[PDB]
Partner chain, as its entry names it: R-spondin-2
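In the block that follows, a single chain appears as structure tokens, in the form solved without the partner chain.
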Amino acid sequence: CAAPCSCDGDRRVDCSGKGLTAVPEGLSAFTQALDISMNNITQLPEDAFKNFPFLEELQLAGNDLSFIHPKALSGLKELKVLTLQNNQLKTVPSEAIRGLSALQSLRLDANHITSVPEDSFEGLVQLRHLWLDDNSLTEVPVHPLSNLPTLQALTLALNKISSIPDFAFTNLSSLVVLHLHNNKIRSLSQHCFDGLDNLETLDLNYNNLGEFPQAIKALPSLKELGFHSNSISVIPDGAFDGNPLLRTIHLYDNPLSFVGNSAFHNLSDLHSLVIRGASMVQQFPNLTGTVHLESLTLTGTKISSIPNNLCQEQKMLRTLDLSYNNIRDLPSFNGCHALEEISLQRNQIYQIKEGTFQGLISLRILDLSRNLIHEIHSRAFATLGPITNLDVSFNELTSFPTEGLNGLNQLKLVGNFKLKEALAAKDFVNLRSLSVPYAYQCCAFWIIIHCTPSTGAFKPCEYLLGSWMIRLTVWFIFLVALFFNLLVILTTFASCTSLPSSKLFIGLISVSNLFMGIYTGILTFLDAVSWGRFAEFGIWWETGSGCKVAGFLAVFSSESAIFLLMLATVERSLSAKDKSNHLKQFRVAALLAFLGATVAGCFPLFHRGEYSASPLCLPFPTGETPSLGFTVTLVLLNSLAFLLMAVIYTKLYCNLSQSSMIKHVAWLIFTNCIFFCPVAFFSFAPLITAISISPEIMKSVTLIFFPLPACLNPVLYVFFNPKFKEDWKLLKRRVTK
């Protein structure tokens, strides 16, 4: 290569980045191709390319051209392709191109162009491609386009065209591709596209078309049509009557309201049809003649029925998406074997008959979610073999079929609260992921199976109470609480000659602790009855009356004990201050305390699942709670009262028989807080994300600490009370009498 620019042996030169400011010099007399691009030449002087009469491919891309002399391109009768993109010339050079009559490809795209002169593109009888993309012209040049009739592919995209006049492309008979996208077209004349007999692909994308064009019916041989991301409101009947060979339509991202029934019929070559959000349509489109469809999506419409001949007529269908409609009953899906995916979700289907899905040989994915399904036939899923996904969630199901579902990897059943049955893992041999309404159903399943509702030690799989020592301690708590509470009540009831307010209050709190003992006994007997089988009992226990009774008893006992402790301290203070007759007023106060405890216990009954959070039936579950307000209320209500009584006993201590049993009440307060304030703060702990604690610890510490005050009060009264021993002597005397 004489020139510094490298040159191929087959008389072809390639220069790029050499930074020349002129035409190459010293180059071969004859040359086929010449590519000078990313250079710094701006203007082409006279007969610059005359030195190469044999040139047949010429590239000046990104060279930043601004002026082409009219005679510069003269004499290149052998030119075949000419590329000029990303330059600074603002108009098509009408004179320069006229110097040649033999090239076939001419690119003038991506270079800001404002006006196309009228007799530009004249004499170019051999041109076949034209790139006018990403320029700035605002009106198609009708006469210059009509100058040459032999063009095939034309791009006018990324421009500022707003309207194309009638008969704009009337003389372009050989055109095969026309690109009009990312323009500003909003008005489309109805006599503009005529004459493009051989046009096969039309692109009208990202424009501002407000109504469906009526001109496309003038061009018959259309194959691909793209009008997407335009503001098209409705699609009229007979829109595609003039395009029988039509094979692809792109109409997504248009905000649609109404589509005519006859819009898409008689399109034999159509392969995929997608309609989203056509709200104003309410009947299935007439698809007669469209037999090659392999994907059909109709989402967001108001359709209520599916034709019974749909899947038996569209033999090639493989995907069917009909979601967010309002469909009552499904047709028979037999007669088609290529249907692989089916989506019928967010509809109003209420039942699945036996023959609905029978016959789908190739079905793999099924979606029946957010519906009103209430019963599925036992044989519904038997026929379909290679199913992998099944999604029937947020329906109203009471029972689920196990026939033909062995091979599915994923099954989803959440929100079917009426479904209390047990899923046997023998039926689902292979299953990677599972979602069930309740954790106790997933307890029976466990490369490994993942289950959405976790059994985080607060939904025990085997043992309700848990560790053997914990269960023994709870049994001992219940037994001692029941017997000593019964003994104290018997002694106080029998030694009834005169009833002081303090002795009445001690009897009443011992009465309230007996219900705590009853709750603990309920828990112990339930655990004993369901040992190693609590997966089969948690279902009914939580969603039943037993949990309500147990939770009511627990809350009532705790609140009654706290309130009676408060009044006992108030009574002690008033007595220490001193016919008085507050004794009858204190009985009234006791009645209100019991009345308030009953109200507090009954409050969660009318709420939503407050007692159903835990098998214990306590309102203090793991992490998230059914109602944060109630549990937050109860603890501060209790801690508040604790602080009061504490301050009244502080006042009594400052101030200093009547002095007797003061220590007993103080010990009662002491034990009641050391067994409540710890568990109150700890149950408060999961709300604070800073502190983390294991669910096994919570559950275990909750169970052994909740009834401990009921265990400890009567033994404290029995062993450390001269009054109790005298009452027991009175009991012995009355029994002997």
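Numbering follows the first chain given and starts at 1. Between two forms, the rigid core is defined as the largest C-alpha subset superposing within 1.5 Å.
One more form of this protein exists, namely the form solved in complex with the partner chain; it is left out here, but the text below deals with it.
Q: Indicate whether residue 153 is a 4.5 Å heavy atom neighbour of the partner chain in the bound PDB entry.
A: Yes, contact at 4.5 Å.
Q: Within a 4.5 Å heavy atom cut-off, is residue 291 in contact with the partner chain in the bound PDB entry?
A: It does not: once the partner chain is placed as it appears in the bound PDB entry, residue 291 has no heavy atom within 4.5 Å of it.
Q: Taking heavy atoms and a 4.5 Å cut-off, does residue 38 contact the partner chain in the bound PDB entry?
A: Judged by the heavy-atom cut-off of 4.5 Å, residue 38 is in contact with the partner chain in the bound PDB entry.
Q: Might residue 313 be said to contact the partner chain in the bound PDB entry, defining contact as any heavy atom within 4.5 Å?
A: No.
Q: Are all three of 337, 380 and 402 close to the partner chain in the bound PDB entry, meaning a heavy atom of each within 4.5 Å?
A: Checking in the bound PDB entry: none of 337, 380 and 402 is within 4.5 Å of the partner chain.
Q: Only one of 639 to 647, 532 to 540, 557 to 565, 109 to 117 has heavy atoms within 4.5 Å of the partner chain in the bound PDB entry; I'd like to know which.
A: Going by heavy atoms within 4.5 Å, the stretch is 109 to 117.
Q: Given that the partner chain is left out here, which of 461, 158, 320, 652 has a heavy atom within 4.5 Å of it in the bound PDB entry?
A: Here the answer is residue option 158.
Q: Could you work out which of 354, 166, 375, 224 is the residue within 4.5 angstroms of the partner chain in the bound PDB entry, going by heavy atoms?
A: Contact with the partner chain in the bound PDB entry is made by 224 alone.
Q: Note that the partner chain is not shown here; using its position in the bound PDB entry, name the residues of 162 to 199 with a heavy atom within 4.5 Å of it, in sequence order.
A: Stretch hits, in order: 176, 177, 179, 181, 182, 198.
Q: Which residue of 345, 625, 290, 319 is the mover here, meaning its C-alpha shifts by 2 Å or more between this form and the one not shown once both are aligned on the rigid core?
A: The only residue crossing the 2 Å threshold is 625.
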